[PDB]
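Presented below is the structure to which this report refers.
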Amino acid sequence: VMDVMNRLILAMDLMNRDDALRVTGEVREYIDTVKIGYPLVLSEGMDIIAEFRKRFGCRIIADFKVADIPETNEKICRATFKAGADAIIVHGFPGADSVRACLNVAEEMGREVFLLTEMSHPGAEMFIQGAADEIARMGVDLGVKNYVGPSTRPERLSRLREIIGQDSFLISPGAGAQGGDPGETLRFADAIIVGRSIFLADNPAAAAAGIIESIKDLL
Amino acid sequence: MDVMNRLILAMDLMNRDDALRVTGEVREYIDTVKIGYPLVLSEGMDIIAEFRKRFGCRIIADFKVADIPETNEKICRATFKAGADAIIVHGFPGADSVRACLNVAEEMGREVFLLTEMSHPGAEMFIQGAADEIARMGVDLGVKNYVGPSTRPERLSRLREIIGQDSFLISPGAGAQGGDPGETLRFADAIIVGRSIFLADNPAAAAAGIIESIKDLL
Ligand SMILES: O=c1cc(O)n([C@@H]2O[C@H](COP(=O)(O)O)[C@@H](O)[C@H]2O)c(=O)[nH]1
Ligand SMILES: O=c1cc(O)n([C@@H]2O[C@H](COP(=O)(O)O)[C@@H](O)[C@H]2O)c(=O)[nH]1
């Protein structure tokens, strides 16, 4: 599994290249893994991955929540890995063929797939939550090794950890701005994803350092 | 939305030169292009403005938006800034995620299309069982534009029943995935067609042929 420094992944969802680069640079001593999603990519282009690699050397998880038919999923994964992403996040709710398409490209290209199981926001309760245990079980059956589950629902995160086993890698968004607790979340997740409570802080480095201090016994 | 010939081109070629050339070859037949991540991630969001400059076609950004509300708002803002007229949003992540997109679309003078059931086999696993409820949710939220599957006309018909005849319904899966254009247009206002056109030996002839096969429906 990837070795995530300080069990902390920055969600870099600022949409301005200069701000995104500044903040990431300021927290680089604390974090060696950055999640780049569509807010930044659709604003600044896929080259932003290259620019982060050039500037920081951080691992890059492309949070693209891939959610199309197998044919299109393959093309998205190819484009994303060609651009230099280490890993891509894929939705499980569109089913096994759609996930398999992503796994096939990742295998061919020597990269990683993360399977998003349950989501952290309130709306996740409407449809995703009821499917999430089965989505995780499907992931295990397909050979998925990396997963995403919600900090906002520790009870659900705990169940998802059980399903995927202790050897699987699990990352978790929702701590901070969405109300999740870093320490509680790290009982189950290998690493926490944190966005706004770092990148909107007056001092993002201090914010990251503070989170790390609060979980220091867990490192 | 008024779609010429009830035919929306899914431009999923990844090379700018090829995408522009093939679109140009079929431009007389369409006035609506669906641009997705295969093209956008290969050539950048500037491709949308380029299509508008060259073709003056309407642009549907097929981004299958499927994040939390905060992120969905950012995605929609970036997408509409690039000149998309509409965006396709998944319903499976729930009402708040859809509402986030509706809010931005209203602010920027654009449309949201709600994807209910998908066309591929894996849609049967989780999406199909939720799809009627996703459609009802769309109705409750005031969604007027929907996407459902050419590959399952009984499901497409049910989706039409739920949303009513006043709603606008577009449908992928005709051609390459096995759907039939004419049958699909019994229920959908327009069909989305990708590979059957853009991978054809002669894309213009492929488009012309499809339109000929549905001429009585135009
Ligand atoms: O269930 C999920 C899955 C996610 O990827 N995310 C992502 O994780 C990040 C959370 O950021 P924040 O710490 O600002 O709430 C965002 O990039 C969001 O898109 C999430 O919030 N919930
Ligand atoms: O359920 C759906 C929803 C889609 O947007 N699509 C999209 O519609 C297009 C179908 O292309 P094609 O005609 O080559 O099968 C692709 O861009 C695909 O991503 C789909 O196939 N099924």
Side-chain angles (χ1 to χ4, degrees), chain A residues 10-24 34-52 60-68 72 75-76 79-80 83 85 88-89 91 121 173 177 193 195-196 199-200, chain B residues 11-12 16 33-53 58-90 93 96-115 145:
Chain A
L10 174 68
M12 178 37 62
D13 297 313
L14 292 173
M15 297 170 68
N16 175 280
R17 174 179 162 273
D18 292 331
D19 296 331
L21 291 169
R22 181 192 70 253
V23 171
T24 304
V34 178
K35 187 177 78 61
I36 293 182
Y38 282 136
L40 181 52
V41 161
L42 299 183
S43 296
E44 296 287 358
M46 287 293 275
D47 283 345
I48 197 65
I49 297 172
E51 186 156 23
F52 272 55
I60 301 293
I61 300 173
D63 183 8
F64 289 176
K65 293 189 182 56
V66 184
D68 219 300
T72 299
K75 292 188 169 184
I76 291 168
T80 296
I88 196 173
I89 303 174
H91 261 297
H121 65 297
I193 292 160
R196 285 165 287 174
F199 71 68
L200 293 183
Chain B
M11 182 36 64
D12 296 315
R16 177 181 163 272
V33 178
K34 183 176 78 63
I35 293 178
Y37 283 137
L39 179 54
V40 160
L41 299 183
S42 295
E43 297 287 358
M45 287 291 276
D46 293 335
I47 197 66
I48 295 176
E50 189 164 17
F51 271 59
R52 285 177 64 155
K53 185 169 305 180
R58 64 172 65 75
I59 300 296
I60 299 169
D62 178 12
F63 290 174
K64 302 286 189 311
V65 182
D67 219 302
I68 68 170
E70 158 81 359
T71 299
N72 278 11
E73 293 211 343
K74 291 188 170 180
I75 292 171
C76 291
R77 288 196 194 282
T79 298
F80 299 142
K81 286 178 179 291
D85 299 291
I87 196 169
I88 300 174
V89 177
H90 264 293
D96 55 356
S97 286
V98 176
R99 174 55 66 186
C101 299
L102 291 168
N103 291 337
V104 178
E106 184 174 355
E107 182 183 344
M108 305 193 58
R110 320 290 161 99
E111 296 295 328
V112 169
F113 279 75
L114 183 63
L115 175 57
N145 304 290

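Values below: every heavy atom of this structure, side chains too, minus hydrogens, waters and symmetry copies. Note on naming: letters A, B, ... go to the chains in the order of the sequence lines (proteins, then strands), and numbering restarts at 1 for each one.
Here the side chains of A:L40 and A:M15 are not in contact, with every heavy-atom distance at 4.5 Å or above. Within the 4.5 Å cutoff, side-chain heavy atoms of B:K64 are placed close to those of B:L115. B:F51 is listed as a side-chain neighbour of B:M11, based on a closest heavy-atom distance under 4.5 Å. The shortest side-chain heavy-atom distance between B:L41 and A:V41 falls under the 4.5 Å cut-off.
Within 6.0 Å of CZ on B:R52 lie no more than 12 heavy atoms contributed by other residues, nucleotides or ligands. The number of heavy atoms from other shown groups lying within 6.0 Å of CG (A:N16) is above 12.
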task: Walk me through it: do A:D19 and A:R17 pass the test salt bridge (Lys or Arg N to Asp or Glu O under 4.0 Å)?
output: CA-CA 6 Å; A:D19 296 331; A:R17 174 179 162 273; over 6 Å; no
task: Report the C-alpha distance between B:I48 and B:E50 in whole Å, list the side-chain angles of each, state the deciding distance to 0.1 Å, and finish with yes or no for side chain to side chain contact (heavy atoms under 4.5 Å, CB included).
output: CA-CA 5 Å; B:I48 295 176; B:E50 189 164 17; over 6 Å; no
task: Starting from the C-alpha separation in whole Å, work towards a yes-or-no answer on salt bridge (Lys or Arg N to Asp or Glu O under 4.0 Å) for B:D96 and B:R99.
output: CA-CA 5 Å; B:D96 55 356; B:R99 174 55 66 186; over 6 Å; no
Verdict with reasoning, B:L102 to B:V89, per side chain to side chain contact (heavy atoms under 4.5 Å, CB included): CA-CA 10 Å; B:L102 291 168; B:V89 177; over 6 Å; no
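Taking every heavy atom of both residues into account, B:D85 and B:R110 meet most closely at O-CB, 3.3 Å. Minimum interatomic distance between B:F113 and B:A86 (heavy atoms only, all atoms of both residues): CE1-CB, 3.7 Å. Looking at every heavy atom in both residues, B:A78 comes nearest to B:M45 through O-CE, 4.0 Å. Shortest non-hydrogen contact noted between B:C101 and B:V65 is SG-CG1, 4.0 Å. For B:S97 against B:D67, the heavy-atom pair with the smallest separation is OG-O, 2.8 Å. Closest heavy-atom contact between B:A66 and A:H91: O-NE2, 2.9 Å.
In this structure, CE on B:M108 lies 5.5 Å from NZ on B:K81, to the nearest 0.5 angstrom. Atom CD1 of A:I76 and atom OG1 of A:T72 lie 6.5 Å apart (nearest 0.5 Å). In this structure, the separation between CG on B:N145 and CD1 on B:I87 is 13.0 Å, given to the nearest 0.5 Å. With rounding to the nearest 0.5 angstrom, the CG atom of B:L114 is 10.5 Å from the CD1 atom of B:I88. The distance from the OG1 atom of A:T24 to the CD1 atom of A:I48 is 8.5 Å, given to the nearest 0.5 Å. Atoms CD1 and NZ, from A:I193 and A:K35 in turn, are 5.5 Å apart once rounded to the nearest 0.5 Å.
Aromatic pair B:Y37/A:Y38: centroids less than 6.0 angstrom apart.
A distance-only check finds no donor-acceptor pair linking the side chain of B:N72 to the backbone of B:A100 [under 3.5 Å].
Checked options A:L10, A:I61, A:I60, A:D13; the residue passing with A:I36 is A:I60 (criterion: side chain to side chain contact (heavy atoms under 4.5 Å, CB included)).
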